[PDB]
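Chain naming follows the written order as A, B, C, D, E, F, G and H, and within any one chain the residues start at number 1.
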Amino acid sequence: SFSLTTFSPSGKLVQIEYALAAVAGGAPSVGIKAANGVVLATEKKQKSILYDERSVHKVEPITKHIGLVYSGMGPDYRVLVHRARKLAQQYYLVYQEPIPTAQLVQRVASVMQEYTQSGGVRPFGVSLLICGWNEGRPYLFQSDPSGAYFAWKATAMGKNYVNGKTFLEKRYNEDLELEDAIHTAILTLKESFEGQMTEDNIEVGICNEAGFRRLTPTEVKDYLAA
Amino acid sequence: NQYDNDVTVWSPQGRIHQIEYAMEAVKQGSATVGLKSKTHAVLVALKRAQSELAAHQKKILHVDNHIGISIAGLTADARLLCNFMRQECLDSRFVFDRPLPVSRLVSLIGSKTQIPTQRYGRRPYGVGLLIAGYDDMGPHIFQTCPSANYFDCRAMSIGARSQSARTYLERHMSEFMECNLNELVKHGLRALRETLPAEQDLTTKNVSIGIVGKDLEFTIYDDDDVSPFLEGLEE
Amino acid sequence: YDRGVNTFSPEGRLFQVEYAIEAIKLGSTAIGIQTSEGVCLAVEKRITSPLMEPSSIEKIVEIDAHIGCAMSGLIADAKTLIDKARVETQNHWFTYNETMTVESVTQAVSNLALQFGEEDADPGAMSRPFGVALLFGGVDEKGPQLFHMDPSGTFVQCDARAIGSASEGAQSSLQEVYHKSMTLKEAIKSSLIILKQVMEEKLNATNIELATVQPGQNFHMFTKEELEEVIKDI
Amino acid sequence: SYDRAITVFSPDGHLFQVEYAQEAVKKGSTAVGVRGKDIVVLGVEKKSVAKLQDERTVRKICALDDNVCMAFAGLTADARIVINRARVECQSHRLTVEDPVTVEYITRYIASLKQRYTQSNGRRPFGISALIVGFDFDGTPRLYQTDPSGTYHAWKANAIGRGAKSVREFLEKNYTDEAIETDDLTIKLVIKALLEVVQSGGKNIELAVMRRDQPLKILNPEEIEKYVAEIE
Amino acid sequence: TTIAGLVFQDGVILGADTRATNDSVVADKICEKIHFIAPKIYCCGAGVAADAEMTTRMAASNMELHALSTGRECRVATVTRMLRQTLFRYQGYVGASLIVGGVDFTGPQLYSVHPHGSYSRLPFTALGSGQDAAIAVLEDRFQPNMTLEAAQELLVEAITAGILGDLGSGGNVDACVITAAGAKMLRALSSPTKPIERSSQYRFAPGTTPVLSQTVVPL
Amino acid sequence: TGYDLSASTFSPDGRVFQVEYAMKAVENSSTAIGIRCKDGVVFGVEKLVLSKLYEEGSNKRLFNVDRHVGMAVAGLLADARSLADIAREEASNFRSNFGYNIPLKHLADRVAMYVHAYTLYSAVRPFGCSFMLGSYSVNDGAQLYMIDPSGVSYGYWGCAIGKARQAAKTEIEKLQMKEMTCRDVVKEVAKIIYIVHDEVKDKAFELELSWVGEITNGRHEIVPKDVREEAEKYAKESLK
Amino acid sequence: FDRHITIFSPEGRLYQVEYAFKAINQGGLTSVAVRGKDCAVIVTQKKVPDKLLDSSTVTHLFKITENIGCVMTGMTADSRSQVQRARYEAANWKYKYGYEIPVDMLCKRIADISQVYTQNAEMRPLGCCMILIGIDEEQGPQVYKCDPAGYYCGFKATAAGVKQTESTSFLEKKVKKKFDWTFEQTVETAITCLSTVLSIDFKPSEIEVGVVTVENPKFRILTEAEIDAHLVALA
Amino acid sequence: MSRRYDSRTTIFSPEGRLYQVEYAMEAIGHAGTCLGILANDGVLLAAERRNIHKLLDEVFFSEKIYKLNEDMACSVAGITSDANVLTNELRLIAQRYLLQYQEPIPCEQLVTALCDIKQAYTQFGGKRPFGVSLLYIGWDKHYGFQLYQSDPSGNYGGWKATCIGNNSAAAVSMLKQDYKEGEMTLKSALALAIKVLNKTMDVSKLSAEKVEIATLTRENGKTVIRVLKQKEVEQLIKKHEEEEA
């Protein structure tokens, strides 16, 4: 019942320092907010053909107009899934409306804070990247295990995330349609990913006026044609 | 080394040193002896004074009309456990309206000492007990250990230098059955002599006894009745 | 360190209980005496500077009308006992409507000595052993009685007992001055003789406190007037 | 919850925790008080810098009641807990008894909190020591200091903080029946006690006085310079 | 309060009225009743208004994550067990009367939940104060696996009878069609009452109100 | 190394050494054996005499969990009597629940589950005792199960616990125990007891035997002194 | 420190979770399960080291429910403990959601149980990994595996125990060439997989094979007579 | 429960100090520069922005500046994690004040209320202390315009002008020089803060995006709090540019 996270002689937190170093080496994940939609393209890699791609999906929706991707530990993410979805539930219980992305990320990031204080528990090993659609304005947020959530037009997360950020810094600018947002998200994804690129290796999903929806492998292959 | 810090951690040989240190705590107390016949039972307790001006401590605790006990170990650990023994015996007359069987009481004593062992942070009770009592099956001599082990006994001697008494208890064990109340006191006091040093031997001040019997309820003697008991006994 | 308060020694004795008795050597010296005419208690105020007021120092407290008390060892743990000690004494008269025997006074207080632990306890559980030694004097249906307790909780009837830092040489001195029928006033004389030898300071009328209980008089603390008459018999 | 024994014994019986708590008391600012005849005077140095910090929030001289005030030296955070909880219990006393609170009756409760919280499970010993001074019935003043170990004692004159022993040396020698005989002598003696620990002192010295049934009054800095003006 | 539903060959339709009343008076004439649970699963409340409201809120919320956690279609029988266990937890303290129907992987299914928690499977029923008017109409003219158009004409007349035969049932008729191909919402499908007009108008001229104090706060 | 300190901490090889050390404590306990046949299950235990000062019948090693369920424990006697009452509470709560005697497979599961519960927590310690559980019924028949300190039960036609086990298990394999009757099985049980014990370390002992089956009418019953002496004489034909 | 309780290592790993992996190979067994077209078959080795050991009481094939089979690879004490809780969770599904739990949602709740052990330092993880099969009425047969870390994924075939990469290597021969998967032909690959790696040629009494098919959704373990019929014919 | 995993944060140093408390202020020492000034006609609170990237949004309001209630406001220097709970707790405390007393909370009461919570966690509970230092501004009926400063140890005090975070001692040194007590008003204090912000910040090219300025004043019986728009800050940059060179 004693706190496992304490202040270092330099003032930093030692436990959350390794949490940020853990999500830095996770699966490469990128996202872009352009025009009326946000593109989420992640990496689902299977070690063998025996693996069924329809059983486990990395891109999961939080609700109709909100979706979320991740780079980091598998188990800690599903715990975030249940609590964040239950938070959206308890939201819709009280407020009977779709949840705004700013309020959703805020109280979920507070859960990450609780385990930097309460004892006998480790902090989360997952850095969440949240996508949302409210009042006609798209939302792209980035949260890490430290509990501090930011906002980005485009960013990168996972292995070699520094390159993905610099690439979008050069290539990406304003006035990009959702069609260009997908093709730009693929180009920055071609850099971080290595090897042959198929529709099963990448899991892509978008959020627009019609809400957050995941792309089927058929239309993904159409975008694999450049 | 690192394995004596608590009870729960097992040694690489599968032993608990804290239970061993509790069993060695009982041997640091006073030496008491007890025995039973086919009829009566006698508990001879050795009393020791903290100083020369201090009065002798009480090693005998009255439990039930037919039951008595002598304590050897940490004094306060006996007291809290005596409040447990007396409560269970009072509960027996509170519920069953009968004297609690001495075998059933000792089984409850072990269950109380089994609770601290399996849990971390709890210390076991470091007091040993020599308890006697009479029932429909006759007198019984029971011994308990801080390890929670308890045995049925004809006669035992606990404390320091108890083997010189136990050796005496082995040779006269044949006589212990057929002797009467006056002889059980003679064998009991002569059994106490072997646990005693070579200087201070027998005085009615520091030596007290108790007796339970067929129709005789447990009764504690101190000085007045003990003086004629010591008379007529060689060492 | 690397152990609990409940951890046994290789000899089978609690470290916390052993160090508790060893801490009494840092306390204040108080010498009780049991006589046929009453029980005498004496203690030194231990004034290390004139700025202090001797009225705030009470090392002899009154449990009941005929029952007194003495104090040594740690001061913080003793004040806690006294309220309970007073309370259980009145709970006796509240229940049985009689004066509690001093042996039962030592009995009710000795129960809370050992109770200390960590797991399986309540929030009203105490962590560390008592660092206080107590002397209960008084007169009852059996006459004047003087008792003593230690941190382990063992209470023993004693003809004379000394507590505090000087209890080592004072207890040995009590055996010399105490013979047979020696009265209260004679015990008061022998009390000041031993107490003056064991203290490092000078014996004065206001330096020490003296209180006695009698079979025909309630427990009484001698005021500065009577204290001057007592010291001038030396 | 968090349940374990914090303060534990040592081979010598001393408590390292409590001893380190008293070390934080020694490093506190110097505060002093002295019992007069019908009056009592409290004072404390203040370490304000560059007219920046406000003088309203710095005050270490607090009143537990109309007839009882106090001053503290130690951690300023632990004092705010004790002062508040003492006032809650002091007025809860006036709920139980129509008569006011004797200075000895609030002192025994205060020091008792330092007794419990030191030996309590998971708690922490207080790093403060305070002078509770006030007027009992008939107008007899009383001065009491607490201890992080939980002990309390009566004093005719007392001081706390850094150099507290040095102030007592002044008090021990210069406090006689001639001392605190009148109002002019009580005011000068308390000031002269602080004149030794003056280091760049000036107006920074703060003083307060309570007289009989009158409430605690704070003596303004301008009259401080007037009473310090007479050293001969 | 008249709520009813009917299962036909190709799907299920849940009818309800638009009128809500508080004990002496009509609270709202157009007030909607049927709530949302799943795309293919819909329910409608009765009895206590707030209790039936908050219960469907907790039901739609629990079923929402069940659709998000499974990623599959929702079972209609799963909704009913959630509703009655809440009624059992409060020992019938909640006066919510709920009807649940929809289409799942198995097929069109309609259930019923009594405020005491009892659940019953059934092709057709009615709940509320005007339930006995709709049950009698649905009992006589029902046929197994009716055509979608045949079931639409019957259930609209069933709610119409439940309205005209109840004091607490009025307003328009909200019917919601649920089929294996998809669900469609029909708002105010039936309006049996023509006289929506009035014979006079009331207008006030400026300056006819005895105003005493006046102040203006700009924004 | 610090890995074997608590049972909640795994070893570098993926094992719990605290459970292993509790098993090593069982190896110091006295030997107890049992054998099941068509007629029933026969029990035996070697009860070492510690001193002549102990009354006859002291330190009884034959434990009775339930009317049809016998038990013999080899290990720490403190944890033995603990689990003994706990196993009786499970059988009593079963009867208080389902109104009949718990089958031996169902009882061995619930008891072993509670043994494994203490291996997970670091704030407690695992049991240092191992035991066998026999039972007999007309619907089931003779059954024998043994639970280790790790809380795992295995069905046995025969088992041996304590110091000497593998040596006694091979002697049971040398002859078919199924067709035998409890009258002839106790002849082999006493025969093995005399083979296991020799005079090297231990001094004296006493034979504690128990029967369950047709002879006892399906109820757990101790062997009387008359039959015990006669059963010894059958073993005295060869040992002596 | 990071190697005692579960906390982030300097590289961000968890060594207690890795030792839970190393606790799987300590069981000394190897199991395989192949997902067929209309069927799902589990093949594991039945170990009876003692002649007195009852073979009927030793079974590695477990039944979570009617349409779901189970096999446990890992510590036996942890294995039977998770299956009891798996049956507690599977029944909680039907008592709540109304229908037989699918194999995907069953592996999810079981994985969530291991997630609590990982994040909390109070309770240690279990050293057993569960392999579950079954047939979903929508997507057909479903075969999943859950490691003690909490990761599960859809597998065309599973491998666990001592043999892992070599067992998968033989399974890669069948899936890459795209072999026709039927009831017998999956049993042909499953027996050949374990026989060639261990160099044994298992006898019918040495193994136990659970099966489930579209025509027989109820899980059932094959009899030695049938296993022999599926042995010689497969030889 | 293993007593090896407990650091026992309640241990006093041999000098009578707390380790976890001292390490908290050091983490605050790395936070960005935040200052405030108490003036006659209003209170001014300005701060810098350490996070600078071309892809940042900042569609919200300020970064380290929060609004406690209608009559009060605060800034933040420290770990943004512990800042969110403190900001929530301060608002909860200030609102629980509105429950019983149904009046705007005095700026002194809200400070001592949170500090009692900070010292409780360092006293017991075993949980780590808080790593955030907070500045407070606002107006009350008694003392008027107020500026306060809080430390993670629970210690607080009133201030006419102060600074927290990076370059704190450098700004305090300039406040001891230019600041005129009881003379400079809110208008003059605005130009003074911009001067201190530009000199103490070694990072060049100060822009309306890189810095943030918020004002709180009482006008016509209503507390007026606002944050200057980037164009309004750019106008102040054009004013200070001429002043500087």
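Convention: a contact is a pair of C-beta atoms (placed from the backbone, for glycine too) under 8 Å apart; a residue touches a chain by one contact, two chains touch by 3 or more.
Considering the contact criterion stated above, no chain is in touch with chain B and with chain C alike. Between A-E and A-D, more contacting C-beta pairs join the chains of A-E. Centre-to-centre spacing of chain C and chain H amounts to 58 Å, using the average Cα coordinate of each chain. We define each chain's centre as the mean of its Cα atoms; on that basis chain F and chain G are separated by 33 Å. Residue positions 2-4, 6 of chain D are each in touch with at least two other chains. Of all residues in chain E, those that touch two or more other chains are 69.
Chain contacts: chain G has residues 5, 108, 121 touching two or more partner chains.
Within the complex, the chain A residues that touch chain H are 1-13, 102, 106, 109-110, 112-113, 116-119, 146-148, 150-155, 165, 168-169.
Note for the complex: chain G touches chain A at residues 6-12, 104, 108, 111-112, 114-115, 118-122, 139, 144, 149-158, 168, 171-172, 175-176.
Against chain G, in their complex, chain A makes its touches with residues 4, 15, 18-19, 21-22, 25, 46, 48-56, 74-76, 78-79, 82, 115, 120-123, 125. Only residues 2-3, 5-15, 105, 113, 116, 119-122, 145, 150-159, 169, 172-173 of chain F touch chain G when the two sit together in their complex. On the chain G side of its complex with chain E, the touching residues are 96-99, 105, 108, 137-138.
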